[PDB]
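Just one chain follows, in the form deposited in one PDB entry, and it is written as structure tokens.
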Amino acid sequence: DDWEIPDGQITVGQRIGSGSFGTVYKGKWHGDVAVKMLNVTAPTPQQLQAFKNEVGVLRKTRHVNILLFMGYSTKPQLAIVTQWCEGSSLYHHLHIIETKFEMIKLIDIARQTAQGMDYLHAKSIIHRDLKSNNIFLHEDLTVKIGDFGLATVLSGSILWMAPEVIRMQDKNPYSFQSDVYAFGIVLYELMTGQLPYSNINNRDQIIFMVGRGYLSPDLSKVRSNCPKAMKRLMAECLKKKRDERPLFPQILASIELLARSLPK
């Protein structure tokens, strides 16, 4: 039953990039897989911990909108194996190759991303790094949320970081609520086709002002056939005070409703 994979079996190919605590490859194990390797030379107790936490969370997931965990390896190196998604991150489509989705499709991506977040929270999993880089479009029609290195039961993202998280105001800024905020910023990416704060060229200036509440995403920029309900949901998700943010059940219902009204 265990998910350990005997050394020798996974075949590592292309280095394709990064993921929390490690390097991502395309690989082969009973077909195409993504492999993240957390390693070289011998693991830190740091990395050992990261790897054990992440495998632990992954094996609690089974759902079409969560990237499928397939197994792990310790013996050449710490390695996590998942299904391979052909396509790319939502980030790559939106901000690198400028794929232009239709509103109907954008709303669907939002709805499935909602659907996954709702699954995770129902199982008490806080992703803590939702952002469009960790949303993979498999076969271009299905959202898989990936990368659980930072999830709970020399690095920083921040464009998706809620103000509470930015100003590390205690031990625990993280919550379903901070996840909901990150989702708010990916609704912003879907609807505006843009990263937030694009007219401020200073990272520090952004970190500060979102921290103090001076800055917040310019919701004017939402393309013109974004439904009102969607602009309105985005603003709920993006509330500076976390207690005013909706949880994912609500978020989900709101998106499924505005979709039923939408093909008209």
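The term rigid core refers to the most C-alpha atoms you can superpose between the two forms while keeping them within 1.5 Å. One rule holds for the numbers: they count along the sequence shown, beginning at 1.
Another form, the form deposited with a partner chain bound, is not on view; read the next lines as being about it.
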Closest heavy atom of residue 211 to the partner chain in the bound PDB entry, within 4.5 Å or not? yes
Contact between residue 74 and the partner chain in the bound PDB entry at 4.5 Å, heavy atoms? no
Quick check on residue 98: any heavy atom within 4.5 Å of the partner chain in the bound PDB entry? yes
Partner contact for residue 207 in the bound PDB entry: the partner chain, 4.5 angstroms, heavy atom: yes
With the partner chain left out of view, which of 225, 201, 220, 49 would have a heavy atom within 4.5 Å of it in the bound PDB entry? 201
Let me spell it out: fit the two forms on their rigid core, measure each listed C-alpha, and pick the one of 232, 221, 52, 239 that moves 2 Å or more between the shown form and the other one. Which is it? 52
With a threshold of 2 Å on the C-alpha, tell me if residue 38 counts as moved between the shown form and the other one once the core is superposed. yes
Core fit, then residue 183 C-alpha moves 2 Å or more between the shown form and the other one: no
Taking the rigid core as reference, does residue 115 move its C-alpha 2 Å or further between the shown form and the other one? no
Comparing against this form, do residue 127 and residue 39 have their CA atoms pulled together or pushed apart in the bound PDB entry? The difference is 3 Å or more. closer
A change of 3 Å or more separates this form from the other: in the bound PDB entry, the C-alpha atoms of residue 20 and residue 197 are closer
